[PDB]
K.L.:
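Below is one structure. I have some questions about it.
Atom set for the values below is all heavy atoms of this structure, side chains included, hydrogens, waters and symmetry mates excluded. Residue numbers count from 1 along this sequence.
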Amino acid sequence: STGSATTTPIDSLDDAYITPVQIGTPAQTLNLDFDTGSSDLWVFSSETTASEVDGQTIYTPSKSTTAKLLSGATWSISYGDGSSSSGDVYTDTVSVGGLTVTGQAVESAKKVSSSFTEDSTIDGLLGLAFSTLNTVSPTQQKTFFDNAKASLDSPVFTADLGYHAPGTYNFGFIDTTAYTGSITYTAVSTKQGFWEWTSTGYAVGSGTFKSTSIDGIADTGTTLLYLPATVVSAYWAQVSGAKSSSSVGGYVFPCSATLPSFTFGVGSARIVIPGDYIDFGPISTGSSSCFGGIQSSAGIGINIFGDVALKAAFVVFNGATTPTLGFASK
Ligand SMILES: NCc1ccc(C(F)(F)F)cc1
Ligand SMILES: NCc1ccc(C(F)(F)F)cc1
């Protein structure tokens, strides 16, 4: 079987993408953030503290005839930006774009951090990293992808994120009309639970390509591109008036500047990120300083190929027994 769902940016800056997901019987439709950097499916629910809910659609297990409480199970997660949530665990039927999984662990949030409460358009997260990172205790739970793998025509899903436009998550098949040229596959390390791979280098604008190994993770759940300080410094040195601002927390640049493109290597192939993709707009309303989409990973400890990079490509997440990542131009 296969599934296909449209994913839509939540705002004009492509800060995140939401995808409708049907949970329960009868279906309750929630808009979830598909996150290849985590492995928990958690949702705002009728059990969430009422003061921590501001406009989200909530999952109500008591209205689902297929929901079962997973006796004694709890979950607690903390994200790399400081966000967190926790609660109890149900099992229920979950469908994405026509692809149905029965008995999926649905983690019901009793408490959410402030950053989720303020994001009225995100009803939860759907983790698509490896199941070793799932936080359910005492019995670890499988991701939606892991549960669907058996029945999929092919054990893959693909991410086709749009620039200021809707995109597509496909499960079980590779749409050969969605990209140009060939797909270049590269090896994945699963030792930390992430879709971790090694980029073969980079170039700034029309500059020379610098062959150098950059280990990082493919993370649809992270907005920006986080790279080593040496790389990020070489990029922003080409932007007149750009500087690192401690008060803002990263590189900013004059909103009137035009940004160079950024190229990253995948094996022998090259993925080009247009300079417009790196503009994340004024740091405050009316400001003439704009926030950069390429930032240093020094404070984070891991390099992150977030949405800024992934939306420049067609990305195949190949969950075969030897997993690989595929990149193609589009
Ligand atoms: N998108 C989920 C996520 C969040 C944070 C991290 C970090 F910061 F720990 F690398 C990885 C993945
Ligand atoms: N990387 C996971 C993640 C995704 C979204 C959010 C936000 F924006 F909703 F707070 C935080 C963390």
Side-chain angles (χ1 to χ4, degrees), residues 7-19 31-38 40 77-85 112-129 159-169 194-196 199 214 216-229 231-232 235-236 242 244-245 248-253 255 259 261-262 264 271 273-285 287 289-313 315 317 327:
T7 191
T8 303
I10 64 160
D11 59 25
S12 51
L13 298 172
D14 298 347
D15 277 317
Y17 297 82
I18 48 172
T19 309
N31 298 328
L32 307 190
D33 183 356
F34 282 23
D35 181 10
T36 61
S38 71
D40 285 49
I77 205 181
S78 290
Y79 298 97
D81 70 313
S83 298
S84 72
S85 47
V112 304
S113 49
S114 63
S115 63
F116 295 111
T117 293
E118 313 205 320
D119 270 323
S120 289
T121 62
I122 298 171
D123 305 325
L125 268 68
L126 194 137
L128 292 170
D160 182 7
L161 308 179
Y163 172 67
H164 300 336
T168 306
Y169 279 106
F194 296 121
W195 290 91
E196 190 176 0
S199 173
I214 302 162
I217 62 156
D219 185 2
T220 64
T222 290
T223 310
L224 308 181
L225 179 48
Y226 292 95
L227 289 175
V231 179
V232 178
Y235 178 83
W236 288 110
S244 183
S245 176
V248 178
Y251 282 89
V252 295
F253 66 95
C255 291
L259 300 174
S261 65
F262 185 84
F264 65 95
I271 301 296
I273 303 166
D276 286 350
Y277 289 28
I278 300 163
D279 187 342
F280 272 75
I283 67 184
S284 284
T285 310
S287 181
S289 302
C290 274
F291 195 69
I294 293 172
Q295 298 296 340
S296 174
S297 64
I300 289 158
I302 185 84
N303 298 311
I304 303 174
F305 289 86
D307 294 339
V308 161
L310 300 180
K311 76 173 119 171
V315 189
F317 294 79
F327 285 88

K.L.:
Quick check: closest heavy atoms across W236 and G293, and the distance to 0.1 Å?
P.N.:
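Closest approach of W236 to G293: CZ2-N, 4.3 Å.
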K.L.:
Considering all heavy atoms of both residues, which atom of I122 and which atom of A16 are nearest to each other, and what is their separation?
P.N.:
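Residues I122 and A16, closest heavy atoms: CD1-CB, 4.1 Å.
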K.L.:
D40 and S38: side-chain donor and acceptor closer than 3.5 Å?
P.N.:
no
K.L.:
Any side-chain heavy-atom pair from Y169 and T220 closer than 4.5 angstrom?
P.N.:
yes
K.L.:
A side-chain contact here means heavy atoms from C-beta on lying under 4.5 Å apart; do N31 and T121 qualify?
P.N.:
no
K.L.:
Side chains of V252 and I283: closer than 4.5 Å at any heavy-atom pair?
P.N.:
yes
K.L.:
Could you state the interatomic distance from CG (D33) to OG1 (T7), rounded to the nearest 0.5 Å?
P.N.:
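Rounded to the nearest 0.5 Å, the CG-OG1 separation comes to 8.0 Å.
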K.L.:
Could you go step by step and tell me if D119 and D15 meet the side chain to side chain contact (heavy atoms under 4.5 Å, CB included) rule?
P.N.:
CA-CA 11 Å; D119 270 323; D15 277 317; over 6 Å; no
K.L.:
Answer yes or no: is there a donor N or O on one side and an acceptor on the other, between the side chain of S83 and the main chain of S113, under 3.5 Å?
P.N.:
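No: the side chain of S83 does not pair with the backbone of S113.
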K.L.:
Between the side chain of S297 and the main-chain N/O of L227, is any donor-acceptor distance below 3.5 Å?
P.N.:
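Confirmed, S297 side chain pairs with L227 backbone.
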K.L.:
Check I18, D14, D307 against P9 for a side-chain contact (heavy atoms from CB on, under 4.5 Å) and give me the one that passes.
P.N.:
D14
K.L.:
Can you find a heavy atom in the side chain of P274 that is under 4.5 Å from one in the side chain of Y163?
P.N.:
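No, too far: nothing below the 4.5 Å cut-off.
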K.L.:
Can you tell me how far CH2 of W195 sits from OG1 of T36, rounded to the nearest 0.5 angstrom?
P.N.:
8.5 Å
K.L.:
Which heavy-atom pair separates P282 from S287 by the least distance, and what is that distance?
P.N.:
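So the minimum-distance heavy-atom pair works out to CB-O, 3.6 Å.
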K.L.:
Between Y251 and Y235, is the ring centre distance below 6.0 Å?
P.N.:
no
K.L.:
Quick one: side-chain contact (heavy atoms from CB on, under 4.5 Å) partners of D279, sequence neighbours excluded?
P.N.:
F253, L259, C290
K.L.:
Starting at NZ of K311, measure out to CG of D160 and round the result to the nearest 0.5 Å.
P.N.:
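If I round to the nearest 0.5 Å, the distance is 12.5 Å.
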K.L.:
Output, in order, the C-alpha distance, side-chain angles, deciding distance and verdict of side chain to side chain contact (heavy atoms under 4.5 Å, CB included) for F327 and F305.
P.N.:
CA-CA 12 Å; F327 285 88; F305 289 86; over 6 Å; no
K.L.:
Between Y17 and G162, what is the shortest heavy-atom contact and its length?
P.N.:
OH-O, 2.9 Å
K.L.:
Any idea which heavy atoms bring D123 and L32 closest together, and the distance?
P.N.:
C-CD2, 3.8 Å
K.L.:
What are the two closest heavy atoms between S296 and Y226, and how far apart are they?
P.N.:
O-CD2, 3.7 Å
K.L.:
Just verifying a value: how many Å separate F291 CZ and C255 SG, rounded to the nearest 0.5 Å?
P.N.:
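If I round to the nearest 0.5 Å, the distance is 12.0 Å.
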K.L.:
What's the separation between atom CG in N303 and atom CD1 in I214, rounded to the nearest 0.5 Å?
P.N.:
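Output value for this atom pair is 7.0 Å.
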K.L.:
Would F262 and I278 count as a side chain to side chain contact (heavy atoms under 4.5 Å, CB included) here? Give the steps.
P.N.:
CA-CA 9 Å; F262 185 84; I278 300 163; 4.1 Å; yes
K.L.:
Does the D219 side chain pair with the main chain of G37, one donor and one acceptor, at a distance under 3.5 Å?
P.N.:
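Yes.
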K.L.:
What's the spacing between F194 CZ and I302 CD1 if we round to 0.5 Å?
P.N.:
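The CZ atom of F194 sits 7.0 Å away from the CD1 atom of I302.
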K.L.:
Check whether any side-chain heavy atom of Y79 lies under 4.5 Å from a side-chain heavy atom of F116, and answer yes or no.
P.N.:
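Yes. Closest side-chain heavy atoms under 4.5 Å.
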